[PDB]
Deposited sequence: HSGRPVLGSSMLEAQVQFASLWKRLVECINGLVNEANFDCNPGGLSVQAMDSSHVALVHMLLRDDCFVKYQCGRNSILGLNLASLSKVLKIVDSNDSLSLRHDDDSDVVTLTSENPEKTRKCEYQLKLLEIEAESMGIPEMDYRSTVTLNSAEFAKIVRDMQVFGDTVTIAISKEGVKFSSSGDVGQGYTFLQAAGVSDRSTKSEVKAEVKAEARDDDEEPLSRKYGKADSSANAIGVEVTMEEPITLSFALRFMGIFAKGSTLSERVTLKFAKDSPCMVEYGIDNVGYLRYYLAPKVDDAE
């Protein structure tokens, strides 16, 4: 028996777009502590972790640790048609084969109910990278997203370069070469190594949809490792993406 009402559907909408950019279906892992979604893309290069804590909701009910597999195509299609400022209640009854979304005004004059069939999705091996990072940069989410889009005019690969002065995103291709250089303040570096890696812009792109959730974004880098980009969802959750670097 589960029931998670949220005040403003804005949140669910912005979130599902965010994880849908990375995967078609995923398991909604619901505990008394909150909804969790963990998922890897089909090329096993990059990973989403999303937590929404119990207090993120107006009302949250999850005695048992039930799981829900959900088609994020259908889910996304449906959230599309739900007003930003309407309330949205996700509920699964005791052994139904469908989850239900349920939507109302502030003023109760219109009520929408949608039902989605669930799916056996084999929960994956996957594995959050277990490391700690000796380099962290925080910056404006929207600026971040613009920088990936920028770099894409050049390549499929951005080269990030943290130093104590600031980060230096670079890229190359037929069009030419470009970099965008950032300076500390603005940007918040916390480095202890001239550490500089390369990544797939396709994914950085996908991750950067995170700016719909959070004015700021933190990137984290350990030498030769899966970087992390984190989007704080208020103080009541996070969106976390981990991506493998390109290596020789």
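For this chain, the deposited residues without C-alpha positions form the stretches 1 to 10, 196 to 236, 300 to 302, given in sequence order.
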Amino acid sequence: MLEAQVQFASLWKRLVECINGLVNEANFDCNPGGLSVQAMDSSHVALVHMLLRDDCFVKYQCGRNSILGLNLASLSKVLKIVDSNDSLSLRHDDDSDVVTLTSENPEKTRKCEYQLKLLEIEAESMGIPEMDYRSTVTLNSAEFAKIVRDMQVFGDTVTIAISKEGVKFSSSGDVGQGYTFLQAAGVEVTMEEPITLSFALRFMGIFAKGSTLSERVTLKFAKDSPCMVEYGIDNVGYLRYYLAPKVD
From here on, numbers count along this sequence of modelled residues.
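Here, rigid core means the biggest group of C-alpha atoms that superpose within 1.5 Å across both forms.
When the other structures are laid on the shown form by the rigid core, the stretch among 150 to 158 and 115 to 123 with the greater C-alpha deviation in 4 other deposited structures of this protein turns out to be 115 to 123. The higher RMS C-alpha distance to the shown form in 4 other deposited structures of this protein, out of 124 to 132 and 169 to 177, belongs to 124 to 132, with every structure fitted on the core. Once the C-alpha B-factors are averaged per stretch, 161 to 169 and 146 to 154 rank with 161 to 169 first.
On average the C-alpha atoms of 127 to 135 have higher B-factors than those of the other stretch, with 111 to 119 and 127 to 135 being the two compared. In the deposited coordinates, the residue among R64, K209, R53, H49 with the greatest CA B-factor is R64.
The PDB entry gives the largest Cα B-factor of the residues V217, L197, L213, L70 to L197. Looking at the C-alpha B-factors along this chain, the one for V236 belongs to the highest third. Residue-level temperature factors show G205 in the lowest third of its chain, judged at the C-alpha atom. Per the PDB record, residue ranking by Cα B-factor puts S87 in the highest third of the chain.
Sorting the modelled residues of the chain by their CA temperature factor places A185 in the highest third. Among the modelled residues of its chain, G176 has a C-alpha B-factor that falls in the lowest third according to the deposited record.
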